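For reference, the structure is listed below as structure tokens.
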Amino acid sequence: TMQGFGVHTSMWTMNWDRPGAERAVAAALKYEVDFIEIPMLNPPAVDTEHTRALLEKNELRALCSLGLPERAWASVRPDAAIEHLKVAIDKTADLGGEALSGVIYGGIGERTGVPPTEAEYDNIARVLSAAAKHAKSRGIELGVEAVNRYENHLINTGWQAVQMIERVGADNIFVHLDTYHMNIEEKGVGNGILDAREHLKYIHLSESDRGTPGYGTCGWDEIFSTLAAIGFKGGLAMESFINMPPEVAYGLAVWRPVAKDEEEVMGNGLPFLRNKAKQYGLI
Amino acid sequence: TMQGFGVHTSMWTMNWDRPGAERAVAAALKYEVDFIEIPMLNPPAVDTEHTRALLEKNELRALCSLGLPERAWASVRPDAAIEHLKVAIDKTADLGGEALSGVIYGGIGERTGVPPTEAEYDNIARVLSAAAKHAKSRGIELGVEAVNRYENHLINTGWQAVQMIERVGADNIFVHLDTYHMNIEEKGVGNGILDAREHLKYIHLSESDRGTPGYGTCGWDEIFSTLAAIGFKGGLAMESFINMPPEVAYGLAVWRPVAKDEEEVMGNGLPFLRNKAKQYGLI
Amino acid sequence: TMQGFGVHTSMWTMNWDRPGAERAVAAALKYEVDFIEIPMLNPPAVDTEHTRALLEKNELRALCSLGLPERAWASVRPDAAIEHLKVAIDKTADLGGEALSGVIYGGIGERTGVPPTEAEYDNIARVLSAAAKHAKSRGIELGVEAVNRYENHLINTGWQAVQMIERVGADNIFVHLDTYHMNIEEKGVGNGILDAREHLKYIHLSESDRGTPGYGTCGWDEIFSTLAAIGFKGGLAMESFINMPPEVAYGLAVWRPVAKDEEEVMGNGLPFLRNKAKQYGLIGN
Amino acid sequence: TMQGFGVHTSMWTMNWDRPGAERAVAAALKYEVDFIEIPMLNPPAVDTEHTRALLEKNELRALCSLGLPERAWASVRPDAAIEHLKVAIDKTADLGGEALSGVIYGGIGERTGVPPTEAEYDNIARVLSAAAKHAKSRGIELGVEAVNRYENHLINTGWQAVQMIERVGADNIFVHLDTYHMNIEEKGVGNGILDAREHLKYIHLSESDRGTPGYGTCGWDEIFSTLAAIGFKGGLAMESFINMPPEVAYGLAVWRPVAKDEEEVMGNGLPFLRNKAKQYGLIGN
Ligand SMILES: O=C(CO)[C@@H](O)[C@H](O)[C@H](O)CO
Ligand SMILES: O=C(CO)[C@@H](O)[C@H](O)[C@H](O)CO
Ligand SMILES: [Mg+2]
Ligand SMILES: [Mg+2]
Ligand SMILES: [Mg+2]
Ligand SMILES: [Mg+2]
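Here you go:
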């Protein structure tokens, strides 16, 4: 159950191969973070032994995240989804990760053009119920990330995520919020935190344009005050799309640079967020 | 246990004589509030039975507030402070009030030019302990309002108010915050609410210039989100200095109109605050 | 050029057919707005005489907006775009509208999957240059609306929109910003207004979730102070998708109600916005 | 005249004695600011030639500010006030300072208990007109700082400061705003900047509790967007009362530490403010 400050390793690696894992872990140490979030674009290819050894040796905690590929979108292909999640759960457990989070209930790019249906939600609950069983067997939790309306039409708000967790009735699925998505979806950004308060264990601290935290439109004081007020003790994960590989960036609608360089994003954004977390007593 | 929305009657009445009480109660009904806060500038002159019958007839709840006059400033004249507060506490209870709140520990205009001393605080604590016993005997609570540095040098922040409540050791003293004061004093406005969370039962929703809520510098989204997040269930009291009698106005450094007219303040401010309360789930 | 307060008619009707025009115009008058913004999504279907009669009878001004259908996306099918824009311009002018604005350079839901290219912009400029000549012939101006990265890949910021206006070199194209889009795209919302100031004549005061203004994440105090500071004097227009025009639903991505109903958005959002304009002393208030 | 970033020297010393100036100038160069604001609260104690030598060898600009002592409040004792200002003006000029700003029209802590009267403003205008001519004699400008209702009852807003400037009619008096004070007095912080835009040459970027900028309640994005929008090009100065000059402690009301220490305020506040000025494209950053 993640605690403290971490970073999504997108800024150094989206391909978690051997040199990529090395590079990301090194950056994590340079910035003195408490954990890393490992994107698993291709869970089969991950060398669990190498990553486990790296995390243990540097006393770094980790969790993993993914989005389901189209061949495995839970809403329409629930059997493939369960298969894909079971592989990723095993990989996360093996490398020492404490959770698999993200868009584990569908894909980036899902859109029917109409509101989400009970049939879609039924398939998703089937998938999550099975994956949660499997995750319990490996000693990890699952995280359901609310993302904005353009990426997925099924779970966009903290309240929708909580409704899905109530539908599944498991005890090892938590809510994962992202300030970039909440900046679009939440009716006042604090309401996403309020609505998920009983299940919120992880939040991406990401600026409104995916650039440098502190230098966009996210309401950071409301965000941090509300996290402190609900007693949030989970993971604070800085995320920025700076230096993302072009192929991955284009898929997430990055048509232009989100910030100047890593020096700008990490050198201004990370102190901003740590200072805010101290200011409001999260630490 | 004050609940819901109310108004400080200074917008219609600072002199709580018979016609003043009638006028304020009439306004309260028009704006459909749940309670009124009655300023008690001259507690001996209050007709308790008239006001009690007005409140019971109109299903309206009430609390009273005051600041201590200089002859009874608790920090330096605690015996006179106790005598003054007993009179106000009895009048408050006799009229049907549920609490006496405000600057019950000192006065507007206290300033030594140096930090508050332990001797000052010892005198305040003795006064408030005697007052709390007297209040307990009449079935009411006391509220300690944090006010800004220019009005009083002793209790300016939520954390300072809680400290005094802990020094006193009574269980019937609560913290009373005011967004106008917090806008100056709190290191991020939500931190006053967070620091006071265990004892917070009343908040003045006042704009940064004492004018129209919604049209100043107060961070309303952070305020309401943090209230909701700490589970606040006490009194939400609108306060504006519009139409205050000039003698009282000048005493609080109102050197110019805070707003056009009551129509602006109540017509724009009260909907703004009620809409925010609904937005963040306080209602 | 538009002044005062207005409303995008999705507040009141899905389509600009005859009963939709009757309903929207009646609602607009109830709220004492100065103008309405009418979607030009099915030009051959618009009964221009019926709408112009309604507008002139009730002393309501209007402009139109659209997104281009994929058959006529300017970036890839510029000749189809020109023809489509000429029809939309003529219908806009025939009903008495004073400008045609919005995503007039592409689709709502347009994306190639890669960043925008010079070849795409070269085509858009050709299209807008031809369209702006046609608009001038009918006495109306054109507006280019910056929309967020998920709705179009070509013009997302005030500075991009201004670069397109500079690339075209016309005298009758303005910039149209939208607080909902700037909430995503601008590095500090005021920056979109600053970057666009020389050409900004129309702004959608749309809440961050397309809901009720004042009850989302938009930085309204920053928005209004910056509009006042640059001396904005064009149209202030609400946009809340209480009703969703079918031809743009897929791209606008409203999958759940933006608010309880039109009464809530108009009854709470419009007074908030009018009160903010007065607070910051906006020209015309 | 003043450009770029600067710091009120209460950041580093309580008094402007010889050792205090050693320290402040040293710090100012550690943080690579462009200027310092020196309190002229104790003129007979200021070694002007020593400070002036430090400023030139360290390539550092300066201005001074003050509040008037009660014996010389321009409101009630105008002839005293003129004499006090001429001395403060002369010593400011002697040490290399380019303006004398602040509460030059009254006391920090001045109040009558009643709203300001026309007689009071008459006296202030007479004082400032006299003072302004003496200031021109020495080649420096005067600044009128709006402060909050609890520190002075006469000039609390941008608009009031402009009205006093327009009354005096002098070419060499600017408006000085302070975000700490505007946080209380302005009905929307950007309105103070808007109202003062024709005369605004200096702003204190001071947090709402006089602590670390970025970590209080000031609406920084609105502040910086509005400064960019009006084309602000004057001094951007920090003010945090780590140290408190004794002459003004009673009126400034710092009864507890504003922040952990100077390292926290400068180490977190200055990068925040520099980053914001760049974010909004402020002239010179
Ligand atoms: O804000 C937008 C695009 O997201 C709309 O203004 C669009 O141009 C309009 O709906 C067409 O009528
Ligand atoms: O902001 C203020 C007044 O509160 C100060 O700038 C004051 O004028 C200065 O301390 C005098 O040097
Ligand atoms: Mg995320
Ligand atoms: Mg109060
Ligand atoms: Mg729009
Ligand atoms: Mg100042």
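Line order of the protein sequences matches chains B, A, C and D. For the first sequence, the residue numbers in the entry's author numbering are 2 to 284. For the second sequence, the residue numbers in the entry's author numbering are 2 to 284. For the third sequence, the residue numbers in the entry's author numbering are 2 to 286. For the fourth sequence, the residue numbers in the entry's author numbering are 2 to 286. The beta-carbon is built from N, C-alpha and C at its ideal position, and this holds for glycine as well.
Exposure of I156/D, with buried meaning 16 or more beta-carbon neighbours within 10 Å: buried
Is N192/C buried or exposed, if buried means 16 or more other CB atoms sit within 10 Å of its CB? buried
Rounded C-alpha distance that separates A100/B from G114/B: 32 Å
Contacting residues, own chain, Cβ-Cβ under 7 Å from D35/D (five flanking each side not counted): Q4, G5, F6, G7 and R62
So if DSSP puts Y203/C in a beta bridge, which residue, or which two residues, is it bridged to? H177/C and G236/C
Can you tell me whether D179/A sits near ligand 4, meaning its C-beta is under 6 Å from at least one heavy atom of the ligand? yes
Nearer than 6 Å: is that true of the beta carbon of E248/C relative to any heavy atom of ligand 5? no
Where the alpha helix (DSSP H) containing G7/A begins and where it ends: First-last for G7/A: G5 to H9, but that is the beta strand (DSSP E), not the alpha helix (DSSP H).
Determine the extent of the beta strand (DSSP E) in which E142/C is found, giving its start and end residues. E142 to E146
Express the C-alpha separation of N173/D and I141/D in angstroms, rounding to a whole number. 8 Å
For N184/B, return the contacting residues in chain D, with the cut-off set at a CB-CB distance below 8 Å. Residues of chain D passing the Cβ test: none, with the nearest at roughly 14 Å.
DSSP bridge partner residues for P40/C (one or two, in chain order): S66/C
Short-range partners of chain A found in the region 221 to 255 of chain B, where Cβ spacing is below 7 Å: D222, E223, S226, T227, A229, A230 and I231
Residue-chain proximity (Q4/B, chain D), Cβ-Cβ < 7 Å: no
Proximity below 7 Å, CB of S76/D to CB of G103/D: no
Could you run through the region 138 to 169 of chain C and flag, in chain order, every residue whose CB is less than 7 Å away from some CB of chain A? none
For a quick check, are the C-beta atoms of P44/A and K92/A less than 7 Å apart? yes
Cβ-heavy atom distance between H205/A and ligand 4 below 6 Å? yes
For ligand 1, is there a heavy atom less than 6 Å away from the beta-carbon of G103/C? yes
Between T218/B and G189/C, what straight-line distance do the alpha-carbon atoms span, to the nearest angstrom? 5 Å
Residues of chain A with CB closer than 7 Å to the CB of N286/C, please, in chain order. Those do not exist, as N286/C stays about 14 Å from chain A at its closest Cβ, beyond 7 Å.
For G98/C, decide whether its Cβ has a neighbour in chain D, counting only Cβ atoms nearer than 7 Å. no
Rounded C-alpha distance that separates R168/A from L178/B: 40 Å
Between the region 225 to 240 of chain C and the region 200 to 219 of chain D, can you find at least three pairs of beta-carbon atoms closer than 8 Å? no
Any C-beta of chain B under 7 Å from that of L195/A: yes
Distance CB(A278/A)-CB(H9/A) smaller than 7 Å: no
Taking 7 Å as the cut-off, decide whether the C-beta atoms of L64/C and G98/C are in contact. yes
Coarse secondary structure for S102/C, derived from DSSP in three states: strand
Buried or exposed for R112/D, going by 16 or more other Cβ atoms inside 10 Å? buried
CB-CB under 8 Å to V128/D, same chain, minus the five flanking residues each way: which ones, in chain order? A75, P79, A82, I83, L86 and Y106
From the beta carbon of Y32/C, is the nearest beta carbon of chain A less than 7 Å away? no
Measuring alpha carbon to alpha carbon, tell me which of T158/C, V176/C, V163/C and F242/C ends up nearest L143/C. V176/C
N-terminal and C-terminal residue of the alpha helix (DSSP H) that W221/B is part of: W221 to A230
Return the CA-CA distance between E187/B and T158/B, expressed in angstroms with no decimal places. 6 Å
Quick one: using the 10 Å Cβ neighbour count with 16 as the cut-off for buried, is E223/A buried or exposed? buried
Please classify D196/D as buried or exposed, where buried requires at least 16 other C-beta atoms within 10 Å of its C-beta. buried
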